[PDB]
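Note sheet for the following structure.
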Amino acid sequence: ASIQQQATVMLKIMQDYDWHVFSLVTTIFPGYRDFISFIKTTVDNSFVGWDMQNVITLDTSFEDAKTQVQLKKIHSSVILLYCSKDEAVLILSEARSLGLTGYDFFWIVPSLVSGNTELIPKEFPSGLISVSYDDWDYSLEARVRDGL
Amino acid sequence: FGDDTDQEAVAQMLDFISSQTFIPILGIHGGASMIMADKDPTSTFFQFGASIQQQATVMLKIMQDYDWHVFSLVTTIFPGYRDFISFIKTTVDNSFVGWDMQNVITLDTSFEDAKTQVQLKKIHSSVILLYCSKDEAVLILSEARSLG
Amino acid sequence: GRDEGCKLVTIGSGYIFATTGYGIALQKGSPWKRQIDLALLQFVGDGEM
Amino acid sequence: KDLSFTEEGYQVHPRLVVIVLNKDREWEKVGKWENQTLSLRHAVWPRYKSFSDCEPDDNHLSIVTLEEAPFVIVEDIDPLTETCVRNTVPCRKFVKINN
Amino acid sequence: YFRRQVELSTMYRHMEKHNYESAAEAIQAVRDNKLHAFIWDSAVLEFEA
Amino acid sequence: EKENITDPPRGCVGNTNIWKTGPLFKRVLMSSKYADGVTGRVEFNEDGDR
Amino acid sequence: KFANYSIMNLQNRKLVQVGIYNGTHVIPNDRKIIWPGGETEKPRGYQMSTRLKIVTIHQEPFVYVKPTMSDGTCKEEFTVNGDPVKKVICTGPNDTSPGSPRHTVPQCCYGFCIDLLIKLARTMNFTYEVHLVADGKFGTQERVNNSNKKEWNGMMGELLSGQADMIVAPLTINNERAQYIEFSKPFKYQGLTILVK
Amino acid sequence: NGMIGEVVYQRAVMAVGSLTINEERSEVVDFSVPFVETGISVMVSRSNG
Amino acid sequence: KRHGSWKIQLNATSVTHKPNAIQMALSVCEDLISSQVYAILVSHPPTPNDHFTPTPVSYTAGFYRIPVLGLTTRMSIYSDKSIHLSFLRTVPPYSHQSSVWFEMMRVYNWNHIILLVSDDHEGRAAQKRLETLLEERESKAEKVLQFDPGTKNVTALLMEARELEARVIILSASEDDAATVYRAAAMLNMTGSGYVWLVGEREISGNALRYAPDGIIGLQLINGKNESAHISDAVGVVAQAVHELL
Ligand SMILES: *[C@@H]1O[C@H](CO)[C@@H](O)[C@H](O)[C@H]1NC(C)=O
Ligand SMILES: *[C@@H]1O[C@H](CO)[C@@H](O)[C@H](O)[C@H]1NC(C)=O
Ligand SMILES: *[C@@H]1O[C@H](CO)[C@@H](O)[C@H](O)[C@H]1NC(C)=O
Ligand SMILES: *[C@@H]1O[C@H](CO)[C@@H](O)[C@H](O)[C@H]1NC(C)=O
Ligand SMILES: *[C@@H]1O[C@H](CO)[C@@H](O)[C@H](O)[C@H]1NC(C)=O
Ligand SMILES: *[C@@H]1O[C@H](CO)[C@@H](O)[C@H](O)[C@H]1NC(C)=O
Ligand SMILES: *[C@@H]1O[C@H](CO)[C@@H](O)[C@H](O)[C@H]1NC(C)=O
Ligand SMILES: *[C@@H]1O[C@H](CO)[C@@H](O)[C@H](O)[C@H]1NC(C)=O
Ligand SMILES: *[C@@H]1O[C@H](CO)[C@@H](O)[C@H](O)[C@H]1NC(C)=O
Ligand SMILES: *[C@@H]1O[C@H](CO)[C@@H](O)[C@H](O)[C@H]1NC(C)=O
Ligand SMILES: *[C@@H]1O[C@H](CO)[C@@H](O)[C@H](O)[C@H]1NC(C)=O
Ligand SMILES: *[C@@H]1O[C@H](CO)[C@@H](O)[C@H](O)[C@H]1NC(C)=O
Ligand SMILES: *[C@@H]1O[C@H](CO)[C@@H](O)[C@H](O)[C@H]1NC(C)=O
């Protein structure tokens with residue numbers, strides 16, 4: 001799927017669950033300016049009246065000094081993280097260390113943040129919301145057969 | 001006796017002399033006149049100065065004359081601090097002004113510049129109140145100049 | 001206050017009636033009760049009610 | 001299977017998969033997607049009280065009320081976008097099939 | 001101006017039925033008793049009164 | 001001058017694990033401030049340009 | 001941290017160990033918890049408040065205060081419905097402290113809340129004593145001469161000092177009074193208005 | 001039955017909506033402070049006259 | 001032995017009693033400054049001086065902010081970090097006994113308590129700790145009392161406590177004040193049934209043990225008077241802290 005359709009599906013999930021207070025946290029991991037811009041336009045397109053906390057942008061590897069301030073500005077419910085897989089592990093480990101993994105603090109990430117379903121790393125909350133398409137039901141042999 | 005250094009415990013030593021020699025001793029200058037915490041009725045030692053509550057009343061009178069209502073309070077465990085913070089909390093509880101008191105920044109030990117930097121970057125008020133020793137205040141002001 | 005026809009001006013103002021209020025039912029011994037009571041008195045104590 | 005392509009090399013109708021994590025360290029397949037609309041299996045969202053080891057959650061208050069006109073105005077969801085307007089709150093109403 | 005407002009969404013859900021093209025449509029509709037109310041600028045309706 | 005000195009290994013023989021101090025070395029390249037040069041005062045901006 | 005302590009009993013000028021205490025847990029031993037009175041069980045020393053101290057303010061629709069007839073007595077008078085006015089021998093000051101120097105006498109109190117209190121005494125079996133408040137105020141969070149601390153005066157000040165037991169008055173139920181004491185459910189639903197001519 | 005049955009059998013925490021105050025509810029649950037002065041009344045025919 | 005192959009060595013310095021506390025502090029500071037010490041241990045409980053003042057040693061060490069690890073006293077004037085700057089210890093004060101007394105409230109389900117303290121210095125800290133314990137349950141005591149020791153007509157306050165509706169008597173005083181209030185309690189019916197007597201360790205020593213009512217419940221330290229093993233634990237704490245600092 002595209003990043004635009006996947007963001008549309010994630011905002012459709014948020015529409016179905018009415019978690020109107022949210023945030024948006026990104027690193028410099030690619031496909032991010034179009035992602036943030038699509039989210040900003042879709043909030044501007046919405047008559048729902050979403051509550052969007054400002055976009056947190058992470059530059060490089062953390063010293064846990066400025067990034068700690070950027071993570072402690074987060075007080076919303078849904079946290080939208082867009083980074084790599086190892087950076088997702090680092091940010092979730094920091095949020096677990098800073099206590100930012102509460103029951104209010106939801107986490108919705110796309111497939112490229114989560115990655116493969118064949119390997120699941122640590123530092124993941126039981127309830128980590130994600131959207132991917134690496135289905136074990138629709139088999140890989142069916143995928144390559146459809147490609148052929 | 002008038003001291004030239006910055007040690008109030010000298011007067012505490014003089015307090016022990018007031019426990020032993022039973023001589024009325026007047027602290028004149030410096031650490032002999034620097035205010036200690038709590039005297040004794042068995043002690044006949046006396047200083048020249050005001051209590052920390054009276055100087056707090058003077059500083060809050062300055063803030064009343066200038067209407068600098070949004071303020072903070074940065075305190076270490078340097079002594080005379082529980083009565084000072086308690087006096088400020090009761091003055092906020094006895095306020096027709098409506099003093100916007102930001103919560104008390106606390107310092108346990110010398111700064112690690114890891115968690116103390118977080119407590120310093122929570123300051124968003126106008127008046128920053130500091131109550132500590134001399135070189136600790138020099139380090140905190142150098143940190144605040146470093147942290148902007 | 002929403003009547004179509006406006007033939008309804010009720011009997012007095014609750015003179016000879018039950019004269020109760022509306023409240024929030026909690027469990028017998030819930031810790032929320034004092035906080036909910038203080039919150040309701042704050043909501044009345046500023047005109048927001 | 002409508003496996004058509006866009007101008008940027010993306011599937012027109014892909015298979016959107018919505019998963020979460022359980023306490024058993026497994027990614028549970030929860031929601032798929034139709035040709036246009038989202039398919040959600042769990043209408044009642046499970047709260048997942050234990051995201052981690054030490055999480056005492058005593059702030060999820062189960063609340064029931066009764067439909068009365070001057071206090072509890074209950075309407076259907078919007079037919080256009082399937083959305084409660086933001087000055088309202090969501091709810092669920094249990095409706096049986098027949099008697 | 002009613003879309004920026006935070007609580008008048010009921011009027012937005014009501015007026016979506018009869019969004020008219022021109023003001024003369026609304027003038028003729030209230031003239032033929034099709035409407036019951038209409039929101040408009042002041043002095044224009046002062047002239048049309 | 002800093003710690004965690006790691007090296008990009010022989011990734012062409014059986015290695016797919018990425019170099020973890022990649023963004024660290026890139027941030028070192030970001031803070032490259034100089035006042036010497038025949039072309040002039042060279043320094044990288046937030047976009048990594050002159 | 002976590003100080004092990006010993007719980008000792010004095011059994012007729014003899015120290016007897018009757019328990020221990022961990023960092024957070026009390027462990028009683030197999031000894032007898034000997035009390036100076038009767039049994040070894042715990043004395044539930046919370047009396048059921050047989051005698052009560054009732055304080056009120058001079059409220060004309062609620063508390064009629066009238067001086068006695070001859071000496072500490074109340075005349076049994078009737079209403080328009082033939083109801084005997086169920087009075088009570090209240091004890092109160094005459095006027096304010098600049099007004100009256102020292103004159104605190106028992107007089108006759110009756111009216112609305114007195115009948116409410118007599119209905120309450122009909123409900124549960126208890127005794128009571130009706131008295132009045134020293135000043136003429138309900139009670140506010142008001143400054144005192146030192147300590148940088150506002151305390152309470154009026155009926156609340158006399159109740160929180162332990163001089164009273166139960167305020168029977170038009171209690172203006174707000175957020176400030178509820179933070180310190182518990183309340184009852186309101187017998188009267190009553191708002192605010194403006195008296196003009 | 002109803003909200004009282006949901007709170008007493010503890011399938012809910014509290015009831016927010018309009019709820020009267022009587023003896024049996026105070027037996028089984030605990031009310032909060034009242035926030036609105038709501039008794040009962042009688043609506044009749046009450047014609048012009 | 002087990003703290004590694006670090007090249008540090010140790011040396012001892014110990015000073016005994018003198019009647020003149022001025023020359024006590026003089027010999028102390030002569031032995032502290034000329035030796036460049038790190039840790040100071042005060043170990044004199046059975047002093048004939050009834051003032052019980054290890055103050056000037058801790059005040060001399062606090063002149064350059066050197067932590068004295070005392071072993072004897074339990075007063076709030078030594079428990080304070082304001083005047084005594086870094087006078088630490090491994091002995092608990094009496095105020096934490098109130099926490100144990102709060103645990104007594106969790107033993108017998110007793111809520112309404114009455115507090116009687118003769119002192120004012122430790123009494124304010126005991127009142128603060130007890131009000132913290134009551135705030136943990138969000139309740140209050142019925143009556144608290146602080147006064148001036150020495151007099152004998154505090155019987156009227158005990159009769160006002162008789163006029164109250166709880167029988168939980170919590171007491172915090174020295175030996176002579178406890179003996180005075182026990183004599184008043186015996187002369188005013190207060191040693192009968194229903195009364196709740198729960199005190200510390202100052203009320204079971206001397207004549208306070210003599211005039212105590214039969215059936216009183218009190219607290220006692222464990223290894224409080226065993227002082228050699230207390231020295232051994234203190235030296236272990238000090239040595240591991242010094243190796244961790246080095
Ligand atoms: C999916 O495709 C079918 C035809 O194959 C169509 O009838 C259906 O409407 C599509 N689903 C939706 C709801 O878009
Ligand atoms: C079956 O459903 C229909 C409405 O679809 C209606 O008759 C009733 O709700 C059910 N039948 C009965 C008699 O309960
Ligand atoms: C179904 O019908 C019966 C007929 O008496 C009625 O009593 C009952 O309330 C109805 N409800 C159920 C059980 O669905
Ligand atoms: C290297 O970085 C890690 C975090 O990625 C940090 O914990 C560690 O202190 C650094 N270097 C070492 C081995 O001290
Ligand atoms: C600035 O321009 C001058 C003239 O060309 C030359 O020094 C160089 O190109 C540039 N760099 C600096 C800062 O000198
Ligand atoms: C204190 O006492 C018991 C028994 O000695 C011990 O198991 C435990 O560590 C403490 N209490 C608790 C937490 O059970
Ligand atoms: C009580 O006050 C009234 C006020 O007029 C006064 O007449 C009366 O003498 C006072 N009672 C006495 C005897 O002090
Ligand atoms: C009076 O009160 C006592 C308790 O002191 C109780 O036993 C008795 O039943 C009461 N009598 C009546 C009839 O109220
Ligand atoms: C002290 O309190 C009294 C109470 O009446 C008050 O009148 C006075 O203004 C206060 N201030 C002084 C003089 O200390
Ligand atoms: C240890 O200290 C003493 C002074 O207290 C002095 O003789 C010398 O520094 C050392 N001597 C011994 C006994 O090792
Ligand atoms: C202390 O004072 C009172 C004052 O009346 C007096 O009766 C007695 O001497 C003492 N207390 C007692 C035992 O009543
Ligand atoms: C209480 O003490 C008095 C003496 O003041 C004595 O006469 C009386 O018998 C005692 N009562 C009890 C309950 O023993
Ligand atoms: C103190 O405790 C230790 C613990 O082993 C014990 O050996 C010793 O006998 C006790 N008392 C003395 C005499 O030090």
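Here's how to read the names in the structure tokens: chain A, B, ... by the order shown, residue numbers from 1 in each chain, ligand numbers from 1 in the order shown.
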
Counting only C-alpha atoms and all ligand atoms, which protein, DNA or RNA residues come within 6 Å of ligand 6, given as a PDB file with N, CA and C atoms, in the first residue's frame?
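And here is the file that came out, pocket.pdb:
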ATOM      1  N   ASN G  22       8.054  -6.065  61.594  1.00  0.00           N
ATOM      2  CA  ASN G  22       8.982  -6.149  60.471  1.00  0.00           C
ATOM      3  C   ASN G  22       9.141  -4.760  59.853  1.00  0.00           C
ATOM      4  N   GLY G  23       9.692  -4.666  58.643  1.00  0.00           N
ATOM      5  CA  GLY G  23       9.747  -3.381  57.968  1.00  0.00           C
ATOM      6  C   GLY G  23       8.375  -2.845  57.604  1.00  0.00           C
ATOM      7  N   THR G  24       7.423  -3.739  57.328  1.00  0.00           N
ATOM      8  CA  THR G  24       6.074  -3.311  56.986  1.00  0.00           C
ATOM      9  C   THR G  24       4.965  -4.180  57.565  1.00  0.00           C
ATOM     10  N   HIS G  25       5.273  -5.169  58.403  1.00  0.00           N
ATOM     11  CA  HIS G  25       4.277  -6.150  58.818  1.00  0.00           C
ATOM     12  C   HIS G  25       4.379  -6.426  60.311  1.00  0.00           C
TER      13      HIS G  25
END

Can you tell me which residues surround residue 143 of chain A at a distance of at most 12 Å, considering only C-alpha atoms, apart from same-chain residues fewer than 5 positions away, and format the answer as a list in words?
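Using only C-alpha atoms, the neighbours found are residues 133, 134, 135, 136, 137, 138 and 148 of chain A; 1, 3, 14 and 15 of chain D.
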
Those residues with N, CA, C and O atoms, as a short mmCIF file (atom, residue, chain, number, x, y, z; two decimals), in the first residue's frame please?
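Everything below was put into again18.cif:
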data_model
loop_
_atom_site.label_atom_id
_atom_site.label_comp_id
_atom_site.auth_asym_id
_atom_site.auth_seq_id
_atom_site.Cartn_x
_atom_site.Cartn_y
_atom_site.Cartn_z
N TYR A 133 0.91 -5.41 6.28
CA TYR A 133 0.30 -6.32 5.32
C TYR A 133 1.11 -7.60 5.16
O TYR A 133 0.94 -8.31 4.16
N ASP A 134 1.98 -7.91 6.12
CA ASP A 134 2.75 -9.16 6.12
C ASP A 134 1.90 -10.25 6.76
O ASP A 134 2.14 -10.71 7.88
N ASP A 135 0.88 -10.67 6.02
CA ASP A 135 -0.09 -11.63 6.53
C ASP A 135 0.46 -13.04 6.43
O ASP A 135 0.97 -13.45 5.37
N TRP A 136 0.37 -13.79 7.52
CA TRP A 136 0.68 -15.21 7.49
C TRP A 136 -0.47 -16.03 6.92
O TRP A 136 -0.25 -17.16 6.49
N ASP A 137 -1.69 -15.48 6.92
CA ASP A 137 -2.83 -16.18 6.34
C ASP A 137 -2.72 -16.21 4.82
O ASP A 137 -2.65 -17.28 4.21
N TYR A 138 -2.71 -15.04 4.19
CA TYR A 138 -2.44 -14.94 2.76
C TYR A 138 -0.96 -15.21 2.54
O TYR A 138 -0.11 -14.34 2.77
N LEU A 148 3.52 -13.94 -10.45
CA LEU A 148 3.74 -14.67 -11.70
C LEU A 148 2.51 -14.60 -12.61
O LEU A 148 2.65 -14.52 -13.83
N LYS D 1 -8.86 -10.99 -8.05
CA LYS D 1 -8.25 -10.04 -7.13
C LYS D 1 -7.81 -8.81 -7.91
O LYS D 1 -6.95 -8.91 -8.79
N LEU D 3 -5.65 -6.44 -8.46
CA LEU D 3 -4.26 -6.14 -8.11
C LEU D 3 -3.68 -5.07 -9.03
O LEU D 3 -2.50 -5.13 -9.40
N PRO D 14 -4.95 -3.02 -2.07
CA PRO D 14 -4.10 -3.92 -1.29
C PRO D 14 -4.90 -4.51 -0.13
O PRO D 14 -6.10 -4.29 0.01
N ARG D 15 -4.20 -5.25 0.72
CA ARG D 15 -4.81 -5.88 1.88
C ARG D 15 -4.28 -5.20 3.14
O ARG D 15 -3.21 -5.55 3.65
#

Find the residues around residue 159 of chain G up to 12 Å (only C-alpha atoms counted), leave out those fewer than 6 positions away in its own chain, and share them as number ranges by chain.
G: 52-56, 131-134, 138-139, 152-153, 165-168, 180-181; I: 142

Residue hits in chain D, query chain C, radius 12 Å, only C-alpha atoms, as a PDB file with N, CA and C atoms, in the first residue's frame:
ATOM      1  N   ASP D  58      -6.658   2.044  37.240  1.00  0.00           N
ATOM      2  CA  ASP D  58      -7.884   2.295  37.983  1.00  0.00           C
ATOM      3  C   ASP D  58      -8.525   3.597  37.527  1.00  0.00           C
ATOM      4  N   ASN D  59      -8.469   3.861  36.220  1.00  0.00           N
ATOM      5  CA  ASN D  59      -9.005   5.092  35.656  1.00  0.00           C
ATOM      6  C   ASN D  59      -9.861   4.829  34.425  1.00  0.00           C
ATOM      7  N   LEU D  61     -13.399   4.009  33.806  1.00  0.00           N
ATOM      8  CA  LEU D  61     -14.649   3.971  34.554  1.00  0.00           C
ATOM      9  C   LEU D  61     -15.782   3.541  33.630  1.00  0.00           C
ATOM     10  N   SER D  62     -16.365   2.380  33.917  1.00  0.00           N
ATOM     11  CA  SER D  62     -17.526   1.901  33.177  1.00  0.00           C
ATOM     12  C   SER D  62     -18.759   2.698  33.585  1.00  0.00           C
ATOM     13  N   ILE D  63     -19.402   3.338  32.612  1.00  0.00           N
ATOM     14  CA  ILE D  63     -20.485   4.281  32.866  1.00  0.00           C
ATOM     15  C   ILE D  63     -21.684   3.915  32.003  1.00  0.00           C
ATOM     16  N   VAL D  64     -22.846   3.773  32.642  1.00  0.00           N
ATOM     17  CA  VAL D  64     -24.111   3.527  31.966  1.00  0.00           C
ATOM     18  C   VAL D  64     -25.072   4.648  32.354  1.00  0.00           C
ATOM     19  N   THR D  65     -26.014   4.949  31.463  1.00  0.00           N
ATOM     20  CA  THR D  65     -27.008   5.984  31.714  1.00  0.00           C
ATOM     21  C   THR D  65     -28.331   5.551  31.088  1.00  0.00           C
ATOM     22  N   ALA D  69     -34.824  13.027  27.492  1.00  0.00           N
ATOM     23  CA  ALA D  69     -34.670  14.130  26.542  1.00  0.00           C
ATOM     24  C   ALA D  69     -33.956  15.374  27.081  1.00  0.00           C
ATOM     25  N   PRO D  70     -34.260  15.932  28.268  1.00  0.00           N
ATOM     26  CA  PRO D  70     -33.510  17.133  28.677  1.00  0.00           C
ATOM     27  C   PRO D  70     -32.108  16.853  29.185  1.00  0.00           C
ATOM     28  N   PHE D  71     -31.703  15.601  29.315  1.00  0.00           N
ATOM     29  CA  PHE D  71     -30.359  15.359  29.824  1.00  0.00           C
ATOM     30  C   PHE D  71     -29.515  14.475  28.923  1.00  0.00           C
TER      31      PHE D  71
END

At most 10 Å from ligand 1 (only C-alpha atoms and all ligand atoms): residue list as a ChimeraX atom specification
/D:1-2,13,33-38

Could the residues in this selection be written to a file with N, CA, C and O atoms, as a PDB file, in the first residue's frame?
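Full text of out.pdb as output:
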ATOM      1  N   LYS D   1      -8.860 -10.989  -8.054  1.00  0.00           N
ATOM      2  CA  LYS D   1      -8.251 -10.044  -7.131  1.00  0.00           C
ATOM      3  C   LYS D   1      -7.812  -8.813  -7.911  1.00  0.00           C
ATOM      4  O   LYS D   1      -6.949  -8.906  -8.791  1.00  0.00           O
ATOM      5  N   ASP D   2      -8.401  -7.665  -7.583  1.00  0.00           N
ATOM      6  CA  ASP D   2      -8.067  -6.422  -8.263  1.00  0.00           C
ATOM      7  C   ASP D   2      -6.695  -5.952  -7.800  1.00  0.00           C
ATOM      8  O   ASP D   2      -6.581  -5.164  -6.856  1.00  0.00           O
ATOM      9  N   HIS D  13      -6.009  -1.843  -4.788  1.00  0.00           N
ATOM     10  CA  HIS D  13      -6.714  -2.515  -3.700  1.00  0.00           C
ATOM     11  C   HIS D  13      -5.760  -3.489  -3.018  1.00  0.00           C
ATOM     12  O   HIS D  13      -5.743  -4.687  -3.343  1.00  0.00           O
ATOM     13  N   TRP D  33      -9.529  -4.953   5.529  1.00  0.00           N
ATOM     14  CA  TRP D  33     -10.092  -3.815   4.821  1.00  0.00           C
ATOM     15  C   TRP D  33     -10.827  -4.309   3.584  1.00  0.00           C
ATOM     16  O   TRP D  33     -10.374  -5.241   2.914  1.00  0.00           O
ATOM     17  N   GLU D  34     -11.960  -3.679   3.290  1.00  0.00           N
ATOM     18  CA  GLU D  34     -12.796  -4.039   2.152  1.00  0.00           C
ATOM     19  C   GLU D  34     -12.290  -3.237   0.946  1.00  0.00           C
ATOM     20  O   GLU D  34     -11.175  -2.713   0.978  1.00  0.00           O
ATOM     21  N   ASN D  35     -13.060  -3.164  -0.145  1.00  0.00           N
ATOM     22  CA  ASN D  35     -12.635  -2.385  -1.305  1.00  0.00           C
ATOM     23  C   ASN D  35     -12.588  -0.893  -0.993  1.00  0.00           C
ATOM     24  O   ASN D  35     -11.732  -0.170  -1.518  1.00  0.00           O
ATOM     25  N   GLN D  36     -13.486  -0.416  -0.147  1.00  0.00           N
ATOM     26  CA  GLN D  36     -13.431   0.994   0.219  1.00  0.00           C
ATOM     27  C   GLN D  36     -13.449   1.234   1.722  1.00  0.00           C
ATOM     28  O   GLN D  36     -12.715   2.097   2.208  1.00  0.00           O
ATOM     29  N   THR D  37     -14.239   0.474   2.473  1.00  0.00           N
ATOM     30  CA  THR D  37     -14.494   0.770   3.874  1.00  0.00           C
ATOM     31  C   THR D  37     -13.690  -0.141   4.793  1.00  0.00           C
ATOM     32  O   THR D  37     -13.313  -1.255   4.423  1.00  0.00           O
ATOM     33  N   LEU D  38     -13.454   0.343   6.008  1.00  0.00           N
ATOM     34  CA  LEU D  38     -12.694  -0.401   7.001  1.00  0.00           C
ATOM     35  C   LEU D  38     -13.552  -1.481   7.645  1.00  0.00           C
ATOM     36  O   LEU D  38     -14.713  -1.249   7.993  1.00  0.00           O
TER      37      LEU D  38
END

Enumerate, as an NGL selection string, the complete set of residues in chain D that a backbone-based DSSP assignment places in strand (DSSP E or B).
:D and (5 or 11 or 17-21 or 27-31 or 33 or 38 or 63-64)

Which chain I residues are at most 7 Å from chain B (counting only C-alpha atoms), as a list in words?
residues 56, 59, 63, 82 and 83 of chain I

What does the file look like for those residues with C-alpha atoms, as a PDB file, in the first residue's frame?
ATOM      1  CA  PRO I  56      30.021  20.336  68.704  1.00  0.00           C
ATOM      2  CA  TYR I  59      29.261  21.264  64.105  1.00  0.00           C
ATOM      3  CA  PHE I  63      32.307  23.579  59.112  1.00  0.00           C
ATOM      4  CA  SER I  82      18.829  22.205  58.758  1.00  0.00           C
ATOM      5  CA  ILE I  83      20.986  22.877  61.823  1.00  0.00           C
TER       6      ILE I  83
END

Could you tell me how far atom CA of residue 100 of chain G lies from atom 2 (O, counted along the ligand's line) of ligand 7, in Å and to one decimal?
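One can read the atom CA of residue 100 of chain G to atom 2 (O, counted along the ligand's line) of ligand 7 distance as 6.6 Å.
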
Which polymer residues have any atom within 6 Å of an atom of residue 168 of chain I, counting only C-alpha atoms, with same-chain residues fewer than 3 positions away left out, as a compact mmCIF listing (two decimals) with N, CA and C atoms, in the first residue's frame?
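The result, stored in around.txt:
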# COMPACT_ATOMS: atom_id res chain seq x y z
N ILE I 113 -8.07 8.98 67.00
CA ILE I 113 -6.93 8.93 67.91
C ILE I 113 -6.80 10.28 68.61
N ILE I 114 -6.11 10.26 69.75
CA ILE I 114 -5.87 11.44 70.56
C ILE I 114 -4.37 11.51 70.82
N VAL I 196 -6.67 3.21 75.89
CA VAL I 196 -5.69 2.67 74.96
C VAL I 196 -4.37 3.36 75.25

List all protein, DNA and RNA residues that have any atom at most 9 Å from ligand 13, counting only C-alpha atoms and all ligand atoms, and write the list as a short mmCIF file (atom, residue, chain, number, x, y, z; two decimals) with N, CA and C atoms, in the first residue's frame.
data_model
loop_
_atom_site.label_atom_id
_atom_site.label_comp_id
_atom_site.auth_asym_id
_atom_site.auth_seq_id
_atom_site.Cartn_x
_atom_site.Cartn_y
_atom_site.Cartn_z
N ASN I 223 18.48 -4.61 68.90
CA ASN I 223 19.90 -4.25 68.84
C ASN I 223 20.11 -2.75 69.04
N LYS I 225 20.72 -1.42 72.27
CA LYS I 225 21.78 -1.34 73.27
C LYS I 225 22.97 -2.23 72.94
N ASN I 226 22.81 -3.20 72.04
CA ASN I 226 23.94 -3.97 71.52
C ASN I 226 24.72 -3.04 70.61
N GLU I 227 25.83 -2.51 71.12
CA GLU I 227 26.52 -1.41 70.48
C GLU I 227 27.73 -1.85 69.68
N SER I 228 28.32 -3.01 70.00
CA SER I 228 29.49 -3.51 69.27
C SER I 228 29.14 -3.97 67.86
N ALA I 229 28.04 -4.72 67.71
CA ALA I 229 27.58 -5.09 66.37
C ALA I 229 27.07 -3.88 65.60
N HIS I 230 26.59 -2.86 66.32
CA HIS I 230 26.20 -1.61 65.69
C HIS I 230 27.43 -0.89 65.13
#

Within 8 Å of ligand 5, counting only C-alpha atoms and all ligand atoms: which residues, as a list in words?
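Sorted by chain and then by number, the residues are residues 35, 37, 38, 39, 40, 41 and 42 of chain F.
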
May I have the selected residues written with N, CA, C and O atoms, as a JSON list (two decimals), in the first residue's frame?
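Dumped to part29.json:
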[["chain", "number", "residue", "atom", "x", "y", "z"],
["F", 35, "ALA", "N", 36.42, 27.71, 9.66],
["F", 35, "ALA", "CA", 36.68, 29.07, 9.19],
["F", 35, "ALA", "C", 37.85, 29.13, 8.23],
["F", 35, "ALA", "O", 38.22, 30.23, 7.79],
["F", 37, "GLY", "N", 39.77, 27.70, 4.56],
["F", 37, "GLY", "CA", 39.45, 27.17, 3.25],
["F", 37, "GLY", "C", 39.75, 28.14, 2.13],
["F", 37, "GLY", "O", 39.56, 29.35, 2.28],
["F", 38, "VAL", "N", 40.23, 27.61, 1.00],
["F", 38, "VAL", "CA", 40.46, 28.45, -0.17],
["F", 38, "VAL", "C", 39.13, 28.88, -0.77],
["F", 38, "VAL", "O", 38.96, 30.04, -1.20],
["F", 39, "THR", "N", 38.14, 27.98, -0.79],
["F", 39, "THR", "CA", 36.79, 28.35, -1.20],
["F", 39, "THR", "C", 36.13, 29.28, -0.20],
["F", 39, "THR", "O", 35.29, 30.10, -0.57],
["F", 40, "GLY", "N", 36.50, 29.17, 1.08],
["F", 40, "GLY", "CA", 36.01, 30.11, 2.08],
["F", 40, "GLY", "C", 35.58, 29.47, 3.39],
["F", 40, "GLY", "O", 36.02, 28.37, 3.73],
["F", 41, "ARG", "N", 34.73, 30.18, 4.12],
["F", 41, "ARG", "CA", 34.22, 29.72, 5.41],
["F", 41, "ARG", "C", 33.19, 28.62, 5.15],
["F", 41, "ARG", "O", 32.03, 28.90, 4.84],
["F", 42, "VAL", "N", 33.62, 27.37, 5.29],
["F", 42, "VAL", "CA", 32.76, 26.22, 5.01],
["F", 42, "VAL", "C", 32.13, 25.74, 6.32],
["F", 42, "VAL", "O", 32.80, 25.67, 7.36]]
